[PDB]
Every structure is written in C-alpha cells, then in structure tokens.
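Examining the three-dimensional arrangement
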Amino acid sequence: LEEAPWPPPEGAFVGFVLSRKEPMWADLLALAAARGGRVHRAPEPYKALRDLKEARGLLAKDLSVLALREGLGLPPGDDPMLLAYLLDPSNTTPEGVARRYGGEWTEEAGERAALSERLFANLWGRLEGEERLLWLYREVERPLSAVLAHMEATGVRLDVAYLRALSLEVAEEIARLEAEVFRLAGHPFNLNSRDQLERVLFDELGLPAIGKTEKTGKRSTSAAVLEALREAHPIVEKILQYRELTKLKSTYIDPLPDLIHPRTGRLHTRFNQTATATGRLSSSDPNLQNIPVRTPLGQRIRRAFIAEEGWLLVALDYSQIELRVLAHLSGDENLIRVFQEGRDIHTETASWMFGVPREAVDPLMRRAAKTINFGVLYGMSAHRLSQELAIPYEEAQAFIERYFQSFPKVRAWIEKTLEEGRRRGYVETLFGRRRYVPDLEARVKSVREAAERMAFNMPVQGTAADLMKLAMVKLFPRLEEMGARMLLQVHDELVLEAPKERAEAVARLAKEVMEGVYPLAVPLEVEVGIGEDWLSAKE
DNA sequence: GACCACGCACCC
DNA sequence: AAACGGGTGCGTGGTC
Ligand SMILES: Nc1nc2c(ncn2[C@H]2C[C@H](O)[C@@H](COP(=O)(O)NP(=O)(O)OP(=O)(O)O)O2)c(=O)[nH]1
Ligand SMILES: [Mg+2]
Ligand SMILES: [Mn+2]
Ligand SMILES: [Mn+2]
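The deposited coordinates for this entry were obtained by X-ray crystallography, with a reported resolution of 1.589 Å.

Around DNA strand B, 27 residues are found, and the nearest of them are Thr213, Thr216, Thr221, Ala223 and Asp492. Measuring from a sugar or linking oxygen of DNA strand B, one finds a backbone N or O atom of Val490 at 3.5 Å. Mapped onto the surface near DNA strand B, the elements with two or more residues apiece are α10 (234-253) and α15 (363-377). Sorting elements by how many residues they give to the surface near DNA strand B places α10 first, with five residues.

Attention now goes to the site of ligand 1. The environment of ligand 1 is formed by 13 residues, the closest being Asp317, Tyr318, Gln320, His346 and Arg366. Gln320 places a polar main-chain atom, nitrogen or oxygen, 3.0 Å from an oxygen atom of ligand 1. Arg366 is positioned with one of its side-chain polar atoms (N or O) 2.5 Å from an oxygen atom of ligand 1. Starting from 600 Å² of accessible surface for ligand 1 in isolation, the protein chains cover 73%. Those elements that place two or more of their residues in the shell around ligand 1 are β9 (311-318), α12 (321-330) and α15. With three residues, the single largest contributor to the shell around ligand 1 is α15. Built from parts of two domains, the shell around ligand 1 gets at least three residues from each of domain 3 (271-320 + 465-537) and domain 4 (321-464).

Spatially, β12-β13-β9-β14 is the arrangement adopted by the four strands of the open sheet, whose pairing is antiparallel. Edge strands, defined here as strands with exactly one partner in the open sheet, are β12 (485-489) and β14 (526-531). Within this sheet the neighbouring strands show an average axis-to-axis angle of 20°, counted without direction. Sheet topology places β9 next to β14; six bridges connect them, and they run antiparallel. If you follow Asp317 over to β14, its bridge partner there is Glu527.

This part takes up the packing of helix α14 (residues 345-354) against α15. It is at 8 Å that the axes of α14 and α15 come closest, and there the two elements cross at 105°. On the basis of the axis angle, α14 is roughly perpendicular to α15. Each of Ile345, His346, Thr347, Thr349, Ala350, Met353 and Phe354 in α14 lies in contact with α15, whose residues at this interface are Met365, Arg366, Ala368, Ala369, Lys370, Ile372, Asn373 and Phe374.

Moving on, we get to the sheet that holds strand β4 (residues 38-41). Sheet architecture is open: four strands sit in the order β1-β4-β3-β2, paired in mixed fashion. Both edges of this open sheet fall to β1 (2-4) and β2 (13-18), since each of them pairs with a single strand only. Between one strand axis and the next, the sheet turns by 25° as a mean value, whatever way the strands run. Bridge analysis of strand β3 (residues 28-35) against β4 gives four bridges, and the strand direction is antiparallel. When the bridges of β4 are listed, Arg35 appears paired with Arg38. Packing of helix α5 (residues 109-126) onto the sheet brings it into contact with β2, β3 and β4, and relative to β2 it is tilted by some 140°.

Quick look at the domain arrangement of chain A now. If you check the domain split of chain A, you get domain 1 (1-153), domain 2 (154-270), domain 3 (271-320 + 465-537) and domain 4 (321-464). The gap between the C-alpha centroids of domain 1 and domain 4 is 39 Å. If you look at the interface, domain 1 gives 11 residues, while domain 4 gives nine residues. The junction of domain 1 with domain 4 conceals about 820 Å² of combined surface from both sides, 46% of it contributed by carbon and sulfur atoms. A salt bridge links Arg434 to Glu130; the shortest N-O distance between them is 2.5 Å. For the interface between domain 1 and domain 4, the tally reads four residue pairs in polar contact.

Take the protein's contact with DNA strand C next. Contacts to DNA strand C come from 39 residues, most closely from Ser193, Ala277, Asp285, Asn287 and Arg384. Close to the protein, within 4 Å, the atoms of DNA strand C are drawn from sugar and phosphate at a rate of 65%. Between DNA strand C and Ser282 there is a distance of 3.0 Å, counted from a phosphate oxygen to a side-chain nitrogen or oxygen. With respect to DNA strand C, the backbone of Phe374 contributes an N or O atom lying 3.4 Å from a base oxygen. Going through the elements one at a time, α8 (194-204), α10, β7 (282-284), α15, α16 (382-389) and α19 (445-482) are the ones with two or more residues in the surface near DNA strand C. Ranked by the residues each element gives to the surface near DNA strand C, the list is headed by α19, at four residues.

Here is what the cut-offs are and how they apply
- Residues numbered from 1 in each chain as written, not as in the entry; some residues may be left out.
- Chains lettered and ligands numbered in written order.
- Heavy atoms only, no water.
- Residues with missing side-chain atoms left out of burial classes, pairs and counts.
- Near = heavy atom within 4 Å.
- Polar contact = N/O pair within 3.5 Å; in protein donor to acceptor, adjacent residues only side chain to side chain.
- Helix = DSSP H or I, 4+ residues; strand = E, 2+ residues; numbered from the N terminus.
- Areas by Shrake-Rupley, 256 points an atom, 1.4 Å probe, with all protein chains shown as cover.
- Domains from an automatic or database assignment.
- Pairing = 2+ DSSP bridges.
- Axes fitted to C-alpha atoms, helices over the stretch in contact; angles between N-to-C directions.
- Parallel < 35°, antiparallel > 145°, perpendicular 65-115°, else oblique.
- Contact = heavy atoms within 4.5 Å.
- Buried area = accessible area lost by both parts, 1.4 Å probe.
- Salt bridge = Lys/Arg side-chain N within 4 Å of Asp/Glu carboxyl O.

As structure tokens, then:
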C-alpha cells in the first residue's frame, strides 16, 4: 500500500496494537488506517483516535472500549471477525481468520489495517447470497458490538472492603479444614495437589477408587467421586469443604478487589463476541458470568456486586428459556401447551425428585431439577441419571421414557436435526446461525454420539443466544434515553443499573422488551428484581 | 517471567 | 466418573 499522511478519509479500516489484550488496561502502542490503496500511520496514536469517526476493522470493539475509556465516543463498525464467526463459529481468533481468508496477523498496526481491509472484502464476498447470515450481521452482531463496548467500558461497582474482610475470615476457616485433613492423613502434604491427595486417599487410607481422569487415567478426586465417598472416611467431608473455600477465595474473593480500575473505580470484564460454537457470548479477564450464587459463601460473594449510590441494580432472567425455545423449534403441541398454561417444568421435576409439594421447593431444589431436566434433554444416560438421583436404574430409565413420551415431536425434531446436519455438515438456529459438526458420520460410536449431542444442542442454546443478543440490541437505546446502564449479560440474564427514581420504570420497560423481542409459539416470560446488590436483585 | 496440559470448580 | 451441552480461572506439574 502507498504510505500516506495521517489522517485517513472517512470509511478507512483501522489497525491497532495494544500492550496487552484487555482494552480497559492496555496502552495503545500504535494506530493506523487503510483505504483506497493507501496506508496512514498515526504519529501519536492516542491523539489520533480523535480523528476517527468509527472503529472499522479486526477487533473493532476493543479499540472502541479503549476510546470510551479515554472519553471518546468512537463506535465500532464493520469487523471481519464477526463475518468470519457467522460463516463458521470455529473462526474465533484473528490469527486463524487471517490465515483462512487471506493474510497474516502480525504485530504492526499498518499491516493490521491493511489486513482488516483485505479480509473484509473477501469475507463480504463469501457472505454474498447468505441472506440469513447477513441479517444476523447487520441486525444483531454488528450493532451488538457497540452495546458490548459500552458495557465493558462502564464496569460494575464492587464492595472491595467487604471482600478484603471476607478473605481474612475464609483464610481462618481454610486453616481449620487443612489442619484437620493433615491430622486425619497422619501427615501434612500439599492439599492443593490432586496428585498428592490421590495417593493419600487411595493408597494410604485405602479408600475405593471410583473413576479415572480423562487424559492421564489417574484415580479421580473430583467432587463427584468425593461425594460418593462421603461416608467412607471423615477426611472426605473436610476435603470437599476445603475445595469449595479455596476455589471461592482463589478465584473470586482475593483477585477481584485487585482489578478495580484506577480511573473508573469499577470492575471491567470483556464480552467476547466470537468465542463459542453456539453463538453465546463469553466473558473473561475477569469472567463475570461465573460469579458464585449457589452456596451460602457463594451468595456472600455475589452480594459484593453493588449499585452506585443513588442507583439500583435491575436483574432480568428469562424463565425456562431453552425449554421454551425447544417448544418453538420442535413444534411439539404438548410442550407448547405446558407454557401456555403457565407451568414450571423445573419446579415440577423438583417436586418429584425431593418428594415434596411445589410450595416446598427451595432454590437449591429447583437448581438441582434444572440440571436434571437439561441433562436428560441433551442425552444424559440412564446410568448417570440413576446415580445422580440415588434411584434404581429401572426408575431412571422410566423417567427418561416419560420425559420424551410426554413430548413426542422432540425426538422427531432431534432426529430431523441430526439427519440434516449429516447431509449439510452443519446445524442451525432459528435465525440461521450455523455450527459445523463433521463428526456426525464418524465410525467410532463414542465420537459420533458426542457429536450428535453437540449438534442437536446447538439450535436450542444458539436460538436462545440469538434472542438475548437481539433483545440487548433493542434495549440498549431505550436505556440510554432513560439514563440507565446495561452492565452485565449472563447468557439469558441482564443486569442493569438505574437511577433510584427510575428503577421501577426501567425494570418494567426492560422486561417488556425482553419478552416481546421475537415472539415464538410460546410466551417468553422474564423474572425481574431490583436491589442494591446483585443477589438481592434476583429476589 | 512465559507457555502448556491437566484436573478440578465456578456459572448459564 | 458416567452417552447432558456451552463456557473461564486457578494451582499443580512440567517445560523453556
Ligand atoms: N445443557 C445444559 N444447559 C444448561 C444448564 N444450565 C443452564 N443451561 C442452559 C439452559 C437454560 O435454559 C439456560 C439458562 O439457565 P438458567 O437461567 O439458570 N435456567 P432456566 O432459564 O432454564 O430457568 P429459570 O431461569 O426459570 O430458573 O442455560 C445445564 O446444566 N445443562
Ligand atoms: Mg477473623
Ligand atoms: Mn433463565
Ligand atoms: Mn439465567
């Protein structure tokens, strides 16, 4: 390309180099743009940001986030990553997309700008005639990248003093647990080393081994194995408690307070838009989509996520979303009727599991029932089911039969989906998002059936992801107009922040947007709560 | 310091 | 652990 002076004309493709991957923390080392056979390199990248009207190119959102961090409203535009991701969601990295569609991902901004321009041309050509993928690009993914940029740059408030104090309390309990484990073992060892623990449990204490690990075939010490040995030896209970506390302390309590951004005073995640095989987002650096919630200590951690003073959090979560999506995709008349009647399949399974009235189903029971319902739907074996519920094999097998017999068009839809995936090589969501699953014709049954479970899961999970993304795109401008903020997405959940005086109106509006985003054969219902912290906002 | 593979625990 | 699916992060153990 012909080198030309900064600035570029409108519409040019940008390239940029960051000191580190996280745009809220990165130094902008270099900036360039490409257009019309020319490449323009910025003499000083920070000041040069002011000259761009739009971030157009590879990883556009990340540059937008850094721009917003610097007080500049630079929206992301076209991004070849999003085109490639829609053609094939195994396209997750700029390294791979470049090699696949016509260039090389280097560490030079000018080359990244030229690469962005070339890949856009080629990928746009590949999408010619792919009208449904183009709709997803123009109506979902490209607009969503601007929404995600704002979310990332906004961040969430965290009670750091609370977590610092909690760390000290948990440390004293961990010491109690580890001392007791070492006493029971008859000697100390590194309780964090599962290789050392394996020897203690199965060689020294002679406990029965229950299962093997996947890659190396060691005797497993995982929670599922420990729970089966709960009554074999008192050390097991102490190990399980140690495992929970150290996981929670090492992954959430201790690291998160150290990640508060000095300019914003908030915690900033990344919402990765080309990272999953189904069209879901992921979250990283830190992941704010796996914050604890199930146990009492996990709930204490979730309470650390708080609203700004004068504001409230609003949490919205789709009811039984993938079961509702399944009703629409399969067209099963009975399952459609279940939700037209306002029934709750998780609560109903929980009532049966624990043998108590629906009135008596607490959140832990419903959570356990959720796992059973989706486990069974997506191919859980009768053997594992019998083991999960502590019930005879014949009973577990009968539960599965009753599950599917109730909704006969589901199995028909599954077999239709698999046959189509075999013939086409890909399955697709309601909106046409594709996942390629070539192993559907593998000659090794274990490999083939694993591919099958991946394949017929994707239209369900992926359609739910499409709906959530579309809802975010529609909701974001409404929140801006109301002075409210979108903070987090957790797959079928949004966490908003609203001024106290408008929180009720925001909750009502967001619920209506989410419920009416794209009507299905079944109503979409959204549970909504308001509170000063994330846990209290989920009722 | 970095990378990785792995087992394991976090959530939807 | 197992014929549920989709993810990320930590510590260990090994390596460079
Ligand atoms: N295959 C699979 N999918 C899962 C699992 N857990 C969650 N998902 C998928 C399927 C879920 O539909 C979706 C959202 O998870 P929730 O919001 O925690 N549960 P839901 O929306 O069903 O019920 P409600 O909100 O009324 O309590 O994520 C699981 O164990 N397995
Ligand atoms: Mg204390
Ligand atoms: Mn839900
Ligand atoms: Mn949810």
